[PDB]
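To be precise, the following lines are structure20.pdb, and they hold PDB, C-alpha atoms.
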MODEL        1
ATOM      1  CA  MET A   1      13.441  -0.627  31.819  1.00  0.00           C
ATOM      2  CA  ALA A   2      10.596  -3.086  32.383  1.00  0.00           C
ATOM      3  CA  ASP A   3       7.016  -1.804  32.300  1.00  0.00           C
ATOM      4  CA  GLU A   4       3.417  -2.755  31.515  1.00  0.00           C
ATOM      5  CA  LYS A   5       2.125  -3.349  27.987  1.00  0.00           C
ATOM      6  CA  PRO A   6      -1.691  -3.071  27.916  1.00  0.00           C
ATOM      7  CA  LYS A   7      -2.834  -4.085  24.432  1.00  0.00           C
ATOM      8  CA  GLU A   8      -6.612  -3.952  24.857  1.00  0.00           C
ATOM      9  CA  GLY A   9      -9.428  -1.999  23.232  1.00  0.00           C
ATOM     10  CA  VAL A  10     -10.290   1.266  24.967  1.00  0.00           C
ATOM     11  CA  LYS A  11     -11.472   4.804  24.225  1.00  0.00           C
ATOM     12  CA  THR A  12      -9.775   8.127  24.962  1.00  0.00           C
ATOM     13  CA  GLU A  13     -10.110  11.894  24.550  1.00  0.00           C
ATOM     14  CA  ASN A  14     -10.374  13.369  21.053  1.00  0.00           C
ATOM     15  CA  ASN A  15      -7.072  15.001  20.102  1.00  0.00           C
ATOM     16  CA  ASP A  16      -7.039  15.258  16.308  1.00  0.00           C
ATOM     17  CA  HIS A  17      -8.785  13.710  13.303  1.00  0.00           C
ATOM     18  CA  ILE A  18      -6.910  12.891  10.096  1.00  0.00           C
ATOM     19  CA  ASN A  19      -7.554  10.582   7.143  1.00  0.00           C
ATOM     20  CA  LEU A  20      -5.794   7.437   5.925  1.00  0.00           C
ATOM     21  CA  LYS A  21      -6.113   4.900   3.108  1.00  0.00           C
ATOM     22  CA  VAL A  22      -4.754   1.352   3.282  1.00  0.00           C
ATOM     23  CA  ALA A  23      -4.275   0.553  -0.405  1.00  0.00           C
ATOM     24  CA  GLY A  24      -3.367  -3.127  -0.288  1.00  0.00           C
ATOM     25  CA  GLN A  25      -2.324  -4.224  -3.769  1.00  0.00           C
ATOM     26  CA  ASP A  26      -2.321  -7.779  -2.416  1.00  0.00           C
ATOM     27  CA  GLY A  27      -5.868  -7.376  -1.138  1.00  0.00           C
ATOM     28  CA  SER A  28      -7.873  -4.168  -1.465  1.00  0.00           C
ATOM     29  CA  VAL A  29      -8.012  -0.481  -0.542  1.00  0.00           C
ATOM     30  CA  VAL A  30      -9.692   0.556   2.708  1.00  0.00           C
ATOM     31  CA  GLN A  31     -10.365   4.025   4.112  1.00  0.00           C
ATOM     32  CA  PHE A  32     -10.157   4.777   7.836  1.00  0.00           C
ATOM     33  CA  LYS A  33      -9.918   7.670  10.294  1.00  0.00           C
ATOM     34  CA  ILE A  34      -7.547   8.267  13.206  1.00  0.00           C
ATOM     35  CA  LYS A  35      -6.245  10.970  15.543  1.00  0.00           C
ATOM     36  CA  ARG A  36      -2.811  12.603  15.639  1.00  0.00           C
ATOM     37  CA  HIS A  37      -1.421  10.797  18.685  1.00  0.00           C
ATOM     38  CA  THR A  38      -2.742   7.269  18.156  1.00  0.00           C
ATOM     39  CA  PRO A  39      -0.999   3.863  18.097  1.00  0.00           C
ATOM     40  CA  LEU A  40      -1.344   2.467  14.575  1.00  0.00           C
ATOM     41  CA  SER A  41      -1.184  -0.934  16.273  1.00  0.00           C
ATOM     42  CA  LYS A  42      -4.820  -0.549  17.321  1.00  0.00           C
ATOM     43  CA  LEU A  43      -5.618  -0.480  13.602  1.00  0.00           C
ATOM     44  CA  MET A  44      -3.649  -3.655  12.889  1.00  0.00           C
ATOM     45  CA  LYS A  45      -5.354  -5.757  15.562  1.00  0.00           C
ATOM     46  CA  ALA A  46      -8.749  -4.559  14.335  1.00  0.00           C
ATOM     47  CA  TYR A  47      -7.841  -5.485  10.760  1.00  0.00           C
ATOM     48  CA  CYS A  48      -7.388  -9.173  11.572  1.00  0.00           C
ATOM     49  CA  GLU A  49     -10.704  -9.123  13.435  1.00  0.00           C
ATOM     50  CA  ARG A  50     -12.343  -8.276  10.109  1.00  0.00           C
ATOM     51  CA  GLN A  51     -10.092  -9.895   7.505  1.00  0.00           C
ATOM     52  CA  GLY A  52      -7.622 -12.037   9.423  1.00  0.00           C
ATOM     53  CA  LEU A  53      -5.989 -13.516   6.331  1.00  0.00           C
ATOM     54  CA  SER A  54      -2.545 -11.945   6.697  1.00  0.00           C
ATOM     55  CA  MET A  55      -1.763 -10.227   9.998  1.00  0.00           C
ATOM     56  CA  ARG A  56       1.919 -11.178   9.925  1.00  0.00           C
ATOM     57  CA  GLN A  57       2.236 -10.039   6.309  1.00  0.00           C
ATOM     58  CA  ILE A  58       1.355  -6.383   6.871  1.00  0.00           C
ATOM     59  CA  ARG A  59       3.865  -3.613   6.170  1.00  0.00           C
ATOM     60  CA  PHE A  60       2.804   0.034   5.946  1.00  0.00           C
ATOM     61  CA  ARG A  61       4.930   1.914   3.413  1.00  0.00           C
ATOM     62  CA  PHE A  62       4.653   5.345   1.795  1.00  0.00           C
ATOM     63  CA  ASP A  63       6.032   6.774  -1.450  1.00  0.00           C
ATOM     64  CA  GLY A  64       8.801   8.598   0.388  1.00  0.00           C
ATOM     65  CA  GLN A  65      10.088   6.516   3.290  1.00  0.00           C
ATOM     66  CA  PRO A  66       9.486   3.360   5.369  1.00  0.00           C
ATOM     67  CA  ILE A  67       7.201   3.221   8.405  1.00  0.00           C
ATOM     68  CA  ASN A  68       7.503   1.447  11.755  1.00  0.00           C
ATOM     69  CA  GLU A  69       5.060   0.388  14.473  1.00  0.00           C
ATOM     70  CA  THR A  70       6.365   2.996  16.917  1.00  0.00           C
ATOM     71  CA  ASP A  71       5.601   5.884  14.565  1.00  0.00           C
ATOM     72  CA  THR A  72       2.793   8.438  14.332  1.00  0.00           C
ATOM     73  CA  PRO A  73       1.142  10.721  11.742  1.00  0.00           C
ATOM     74  CA  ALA A  74       2.281  13.705  13.806  1.00  0.00           C
ATOM     75  CA  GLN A  75       5.951  13.362  12.866  1.00  0.00           C
ATOM     76  CA  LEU A  76       5.191  11.523   9.623  1.00  0.00           C
ATOM     77  CA  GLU A  77       3.089  14.110   7.791  1.00  0.00           C
ATOM     78  CA  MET A  78       0.760  11.421   6.442  1.00  0.00           C
ATOM     79  CA  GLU A  79      -2.626  13.153   6.483  1.00  0.00           C
ATOM     80  CA  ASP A  80      -5.106  14.812   4.123  1.00  0.00           C
ATOM     81  CA  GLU A  81      -6.357  11.482   2.774  1.00  0.00           C
ATOM     82  CA  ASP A  82      -2.853  10.036   2.448  1.00  0.00           C
ATOM     83  CA  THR A  83      -2.857   6.541   0.946  1.00  0.00           C
ATOM     84  CA  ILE A  84      -0.126   4.412   2.517  1.00  0.00           C
ATOM     85  CA  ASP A  85       0.912   1.575   0.207  1.00  0.00           C
ATOM     86  CA  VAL A  86       0.801  -1.810   1.940  1.00  0.00           C
ATOM     87  CA  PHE A  87       1.774  -5.305   0.798  1.00  0.00           C
ATOM     88  CA  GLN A  88       0.266  -8.650   1.800  1.00  0.00           C
ATOM     89  CA  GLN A  89       0.364 -12.384   1.079  1.00  0.00           C
ATOM     90  CA  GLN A  90      -0.130 -13.763  -2.430  1.00  0.00           C
ATOM     91  CA  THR A  91      -1.894 -17.067  -1.770  1.00  0.00           C
ATOM     92  CA  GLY A  92      -3.883 -16.304   1.367  1.00  0.00           C
ATOM     93  CA  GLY A  93      -6.107 -13.285   0.856  1.00  0.00           C
ATOM     94  CA  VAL A  94      -8.079 -12.015  -2.129  1.00  0.00           C
ATOM     95  CA  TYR A  95      -7.051  -9.298  -4.581  1.00  0.00           C
TER      96      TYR A  95
ENDMDL
END
Would you put the structure from the file into structure tokens?
Amino acid sequence: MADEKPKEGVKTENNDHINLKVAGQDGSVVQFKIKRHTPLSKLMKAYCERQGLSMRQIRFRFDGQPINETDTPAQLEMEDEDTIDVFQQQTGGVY
């Protein structure tokens, strides 16, 4: 069915608080914090804002199984300072 798709920056209640590490071999490792029920997308958009060198070349992957955009750390078990391997461009960023 058709519905709204608000993709803006906003704050919300505090559910959980886990840890994550974006180890980009094609760029650099970066640590960040997020809640249990939170759209990883919000993290992507923010990334570009800082280092918009490869927003269309981002792919979160873990040493166990692939990850999508409609997924969460709740049913992924990716907490406790879990470093999710991520790949990026080769001639666009800086590694």
(message) Report as a PyMOL selection string all protein, DNA and RNA residues lying within 6 Å of stretch 71-84 of chain A, evaluated on all atoms listed in the file, omitting residues in the same chain fewer than 4 positions from it.
(response) chain A and resi 18-22+36+61-62
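Atom pair atom CA of residue A:87 / atom CA of residue A:35 has a distance of 23.4 Å (rounded to one decimal).
The coordinates place atom CA of residue A:24 at 13.7 Å from atom CA of residue A:63.
Closest approach to residue A:23 among A:50, A:58, A:9, A:39 is made by A:58 (distances from all atoms listed in the file).
With only C-alpha atoms as the atoms that count, the minimum distance from residue A:29 to the choices A:15, A:86, A:92, A:66 is reached by A:86.
Atom pair atom CA of residue A:2 / atom CA of residue A:41: separated by 20.1 Å.
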(request) Write out as a ChimeraX atom specification which residues come within 12 Å of residue A:57 when counting all atoms listed in the file, dropping same-chain ones fewer than 4 positions away. (result) /A:24,26-27,44,47-48,52-53,86-93
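With all atoms listed in the file as the basis for measurement, A:28 is the residue among A:3, A:13, A:55, A:28 that approaches residue A:95 most closely.
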Would you give the centre and edge lengths, in Å to one decimal, of a box along x, y and z around the listed atoms of stretch 67-85 of chain A, with 5 Å added to each side, as AutoDock Vina command-line options?
--center_x 0.6 --center_y 7.6 --center_z 8.6 --size_x 23.9 --size_y 24.4 --size_z 26.7
(request) Can you work out which one of A:14, A:32, A:85, A:1 has the shortest atom-to-atom distance to residue A:46, counting all atoms listed in the file? (result) A:32
Can you rebuild stretch 19-32 of chain A with N, CA, C and O atoms and give it as a PDB file, in the coordinates of the input?
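Listed below is the output, selection_17.pdb:
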ATOM      1  N   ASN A  19      -7.033  11.603   8.045  1.00  0.00           N
ATOM      2  CA  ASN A  19      -7.554  10.582   7.143  1.00  0.00           C
ATOM      3  C   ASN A  19      -6.434   9.671   6.649  1.00  0.00           C
ATOM      4  O   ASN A  19      -5.290  10.102   6.495  1.00  0.00           O
ATOM      5  N   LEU A  20      -6.771   8.410   6.403  1.00  0.00           N
ATOM      6  CA  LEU A  20      -5.794   7.437   5.925  1.00  0.00           C
ATOM      7  C   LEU A  20      -6.438   6.448   4.958  1.00  0.00           C
ATOM      8  O   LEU A  20      -7.647   6.215   5.005  1.00  0.00           O
ATOM      9  N   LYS A  21      -5.624   5.867   4.084  1.00  0.00           N
ATOM     10  CA  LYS A  21      -6.113   4.900   3.108  1.00  0.00           C
ATOM     11  C   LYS A  21      -5.141   3.734   2.965  1.00  0.00           C
ATOM     12  O   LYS A  21      -4.014   3.905   2.498  1.00  0.00           O
ATOM     13  N   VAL A  22      -5.583   2.547   3.368  1.00  0.00           N
ATOM     14  CA  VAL A  22      -4.754   1.352   3.282  1.00  0.00           C
ATOM     15  C   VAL A  22      -4.930   0.656   1.936  1.00  0.00           C
ATOM     16  O   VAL A  22      -5.708  -0.289   1.812  1.00  0.00           O
ATOM     17  N   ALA A  23      -4.201   1.130   0.932  1.00  0.00           N
ATOM     18  CA  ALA A  23      -4.275   0.553  -0.405  1.00  0.00           C
ATOM     19  C   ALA A  23      -3.438  -0.719  -0.500  1.00  0.00           C
ATOM     20  O   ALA A  23      -2.250  -0.670  -0.812  1.00  0.00           O
ATOM     21  N   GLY A  24      -4.069  -1.858  -0.229  1.00  0.00           N
ATOM     22  CA  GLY A  24      -3.367  -3.127  -0.288  1.00  0.00           C
ATOM     23  C   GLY A  24      -3.446  -3.770  -1.659  1.00  0.00           C
ATOM     24  O   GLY A  24      -4.465  -4.361  -2.015  1.00  0.00           O
ATOM     25  N   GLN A  25      -2.370  -3.651  -2.428  1.00  0.00           N
ATOM     26  CA  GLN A  25      -2.324  -4.224  -3.769  1.00  0.00           C
ATOM     27  C   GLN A  25      -2.523  -5.735  -3.723  1.00  0.00           C
ATOM     28  O   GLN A  25      -2.978  -6.342  -4.693  1.00  0.00           O
ATOM     29  N   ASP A  26      -2.179  -6.338  -2.590  1.00  0.00           N
ATOM     30  CA  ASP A  26      -2.321  -7.779  -2.416  1.00  0.00           C
ATOM     31  C   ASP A  26      -3.648  -8.117  -1.744  1.00  0.00           C
ATOM     32  O   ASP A  26      -3.831  -9.219  -1.230  1.00  0.00           O
ATOM     33  N   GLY A  27      -4.570  -7.160  -1.751  1.00  0.00           N
ATOM     34  CA  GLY A  27      -5.868  -7.376  -1.138  1.00  0.00           C
ATOM     35  C   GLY A  27      -6.914  -6.399  -1.637  1.00  0.00           C
ATOM     36  O   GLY A  27      -7.712  -6.729  -2.515  1.00  0.00           O
ATOM     37  N   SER A  28      -6.912  -5.194  -1.075  1.00  0.00           N
ATOM     38  CA  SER A  28      -7.873  -4.168  -1.465  1.00  0.00           C
ATOM     39  C   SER A  28      -7.647  -2.884  -0.672  1.00  0.00           C
ATOM     40  O   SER A  28      -7.028  -2.898   0.391  1.00  0.00           O
ATOM     41  N   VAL A  29      -8.156  -1.775  -1.199  1.00  0.00           N
ATOM     42  CA  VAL A  29      -8.012  -0.481  -0.542  1.00  0.00           C
ATOM     43  C   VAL A  29      -9.112  -0.264   0.491  1.00  0.00           C
ATOM     44  O   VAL A  29     -10.274  -0.594   0.255  1.00  0.00           O
ATOM     45  N   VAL A  30      -8.737   0.293   1.639  1.00  0.00           N
ATOM     46  CA  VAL A  30      -9.692   0.556   2.708  1.00  0.00           C
ATOM     47  C   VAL A  30      -9.428   1.909   3.360  1.00  0.00           C
ATOM     48  O   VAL A  30      -8.295   2.224   3.722  1.00  0.00           O
ATOM     49  N   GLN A  31     -10.483   2.705   3.505  1.00  0.00           N
ATOM     50  CA  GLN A  31     -10.365   4.025   4.112  1.00  0.00           C
ATOM     51  C   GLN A  31     -10.690   3.971   5.602  1.00  0.00           C
ATOM     52  O   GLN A  31     -11.592   3.247   6.024  1.00  0.00           O
ATOM     53  N   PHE A  32      -9.948   4.739   6.392  1.00  0.00           N
ATOM     54  CA  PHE A  32     -10.157   4.777   7.836  1.00  0.00           C
ATOM     55  C   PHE A  32      -9.780   6.142   8.404  1.00  0.00           C
ATOM     56  O   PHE A  32      -9.116   6.940   7.744  1.00  0.00           O
TER      57      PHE A  32
END
